[PDB]
Amino acid sequence: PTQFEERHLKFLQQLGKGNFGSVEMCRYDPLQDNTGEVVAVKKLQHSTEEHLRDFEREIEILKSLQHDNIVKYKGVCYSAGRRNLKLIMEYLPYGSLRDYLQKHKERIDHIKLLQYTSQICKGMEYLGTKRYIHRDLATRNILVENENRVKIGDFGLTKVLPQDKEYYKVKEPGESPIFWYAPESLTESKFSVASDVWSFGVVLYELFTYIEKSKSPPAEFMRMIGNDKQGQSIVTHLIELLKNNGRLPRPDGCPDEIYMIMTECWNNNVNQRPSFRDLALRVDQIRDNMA
Ligand SMILES: CCc1cc(O)ccc1-c1ccc2c(C(=O)Nc3ccc(C)nc3)n[nH]c2c1
């Protein structure tokens, strides 16, 4: 049931792409009458042996994952061999939470934002049981199944903690989403459950800005860094700002208990950040107290 051949895949539209890989909406049509299922297909552009290995790892991670708030794995297309693999994932027509929230902001109140928030916490909790560190938690990488269900997607950066260590050190990072990254991820390239918790704080921030462009994490951090950028890089400026307890401001509208959860997630000390279970319990209870 998981054997997808190249001759049956039909291109419909490009959903998005990056520097090394792309995501397309395709129809898997073995009966060639256009009745076949519509799927999301990932492929790579210019592949080195370690980019190939990363993709093989992502596929292994995706194989083992079954959860209501995690995007469904379907299979792989082996037709062109190891060198040119295609990852087959479920096509979600409502797209990313980032885009979905901007579009439907008038029908998405605080109670709904917290509904999404705790689904992300439960998904992340399940990830933790397998020692998986996501590394790319952001509303752009959360996908929408319907008005009442969101799913964590893009597992392209996801790593597996060693059996005896609580962090994973990435030996060669490319372009990173630095305005979602914990300080220790920036300074030491160390990724853990606690760095995912930091990132979840930024996701919660995202949700309560309603994806207002001027209030996005890059926008506010660049504003906070200032016009005197001479002498050092942006990442260096961000490191000093975070070290000095500079943080993303409270959106004017955001409940104080919600902003508190953010600032706790944004603790400099990895050992003082809350757990995803605690986060789920605190979010569910604030959501209950609202209605
Ligand atoms: C296949 C790559 C991947 C890799 C991974 O590790 C986890 C999830 C995915 C993935 C990423 C994106 C999507 C989407 C979508 O992008 N949907 C949409 C719909 C409509 C529009 C306009 N744009 C967009 N649907 N299923 C998706 C699965």
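Counting neighbours? That spans all protein chains shown, and the Cβs are built from the backbone with ideal geometry, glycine included. FYI, it's all coordinate maths here, none of it is from the lab.
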Taking a cut-off of 26 Å between Cα atoms, list the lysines near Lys165, but don't count ones fewer than 8 places away on the same chain. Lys63, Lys122, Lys130, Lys190, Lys243
Determine the sum of side-chain charges near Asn268: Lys and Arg each +1, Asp and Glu each -1, restricted to other residues whose C-beta is under 12 angstrom from that of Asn268. +1
Size of charge dipole - the range 1-91 - debye, nearest 20, with Cβ of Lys, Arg +1 and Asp, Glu -1, no other charges: 160 debye
Gyration tensor (Cα) of the range 1-91, equivalent ellipsoid semi-axes in angstrom: 20, 16, 13
Added length on full extension, which subtracts the Cα-Cα distance from 0.36 nm per residue, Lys72 to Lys171: 32.7 nm
Once amide H atoms are built 1.01 Å from N in the peptide plane, which residues 5 or more positions from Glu145, or in another chain, come under 5 Å H to H? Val150, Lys151
For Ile261, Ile178, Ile211, ascending order of other Cβ atoms within 10 Å (fewest first) is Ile178, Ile211, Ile261
Report relative contact order for the range 92-288 in percent, whole number only (criteria: Cα-Cα under 8 Å, sequence separation at least 6). 25 percent
Using a simple charge model, +1 on the beta-carbon of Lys and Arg, -1 on the beta-carbon of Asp and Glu, nothing else, what dipole does the chain show about its Cα centre, in debye to the nearest 20? 360 debye
Positive-end residue of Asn268, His134, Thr209, charge dipole of the chain with Cβ unit charges: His134
Taking a ≥ b ≥ c as the square roots of the eigenvalues of the Cα gyration tensor of the range 229-291, is the shape rounded (a/c under 1.5), prolate (a/b larger than b/c) or oblate? oblate
Stokes-Einstein D (µm²/s) once Rh is taken as the Kirkwood radius of the chain over alpha-carbon pairs, at 37 °C in 0.692 mPa s: 162 µm²/s
